[PDB]
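Before any questions on how it binds or moves, here is one chain, the form solved without adenosine-5'-diphosphate, in structure tokens.
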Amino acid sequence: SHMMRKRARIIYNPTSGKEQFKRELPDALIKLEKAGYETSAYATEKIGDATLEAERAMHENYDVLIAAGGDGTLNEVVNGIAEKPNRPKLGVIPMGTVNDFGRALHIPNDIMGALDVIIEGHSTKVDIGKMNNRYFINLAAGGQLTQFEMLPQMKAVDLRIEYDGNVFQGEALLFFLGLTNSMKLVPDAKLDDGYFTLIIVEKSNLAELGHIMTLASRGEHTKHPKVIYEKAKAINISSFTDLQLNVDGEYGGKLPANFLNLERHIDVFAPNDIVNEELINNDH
């Protein structure tokens, strides 16, 4: 008995990925209890349930919030706790078909392995993004479908993007704001630095398109002059024409959008076993 008793809340999507978690919950509870966590669980039913539960949990003095599901459950949990005093630490159990945030932090795709990471108690702080009044953890993207794989479907649109002091103003096929980058690359992106990865693909002819696509195919897109790469903390986006917004893999409304990177905002259990190339701070 090496620690004083703690309180954990599991927030889980029962129909997530392979859907094995609900069946494995009783053993997850045993393991968490043996490690000293009085553990309770909440099963989501619809989109938004995880956010609302995380909001309630804020008032219930938990040491850890465990999100068991895909990037959607994760995004929802973060939305419920972001910018609130006394945030619990976040535990990630990757129960989605894709788990881009998990892979970004090297969380095992094995339940008991992910639980081993939480129980061991080493954690990192990662940036999150604020967009208008909501939050995100992976990426935001924007463009207009005609009348990187999707670039040939984009229509040039006039846009302005104020990023920190600077201004881009012109026609663009696509913009990306990346936090994590394993959904894929810029060469030197950090989860830690307080900077979004900002990609803007400018309006280009068919040849520049072919070219950008063949460079993309071997991690060299950033080398094309029509591909802009900047790092920025605050990015404000507007146009007079209407754009669709993708936020963490889902439709996230439309413009205008104001983005702020909340540097090292969220404390999340991570492996002390392995070195993260995308972290400035590996003090864990």
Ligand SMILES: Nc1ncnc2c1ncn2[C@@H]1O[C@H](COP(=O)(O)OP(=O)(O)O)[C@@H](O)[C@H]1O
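For every residue, the number given is its place in the sequence shown, counted from 1.
The following text describes the form solved in complex with adenosine-5'-diphosphate, which does not appear among the structures shown.
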Considering adenosine-5'-diphosphate in the deposited bound form, which of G178, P108, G80, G72 comes within 4.5 Å of it through any heavy atom?
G72
Considering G48, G219, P256, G253, which brings a non-hydrogen atom within 4.5 Å of adenosine-5'-diphosphate in the deposited bound form?
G48
Quick one: does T15 come within 4.5 Å of adenosine-5'-diphosphate in the deposited bound form, counting heavy atoms only?
yes
Spell out, yes or no, whether the shortest heavy atom distance between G96 and adenosine-5'-diphosphate in the deposited bound form is within 4.5 Å.
yes
Please name which of the stretches 150-158, 97-105, 130-138, 80-88 has residues with heavy atoms lying within 4.5 Å of adenosine-5'-diphosphate in the deposited bound form.
97-105
